[PDB]
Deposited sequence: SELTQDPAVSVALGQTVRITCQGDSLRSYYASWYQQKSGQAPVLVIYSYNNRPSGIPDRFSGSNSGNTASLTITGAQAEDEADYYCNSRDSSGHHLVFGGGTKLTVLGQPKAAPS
């Protein structure tokens, strides 16, 4: 009569070798990530039956080195269903 099934099957398989060999003297300098962000500063939404998905993301500085080598499923998601105002499924 009714069958409601919410399933998520995530099968991730990685086979790899990361061999990193430095045989000689080296120098790395990635210094100085100081972005100055000044937003909406130093200056002189929805109604009754609705569905609203709003995202504000502010990041000053992000820096990834030698990372996420294999099968990086970070922050994975699915089927975002933002319904508003009343849902009705009916069979007669």
Lining up the deposited sequence with the coordinates, I want the ranges that have no C-alpha atoms.
1-7, 52-59, 108-115
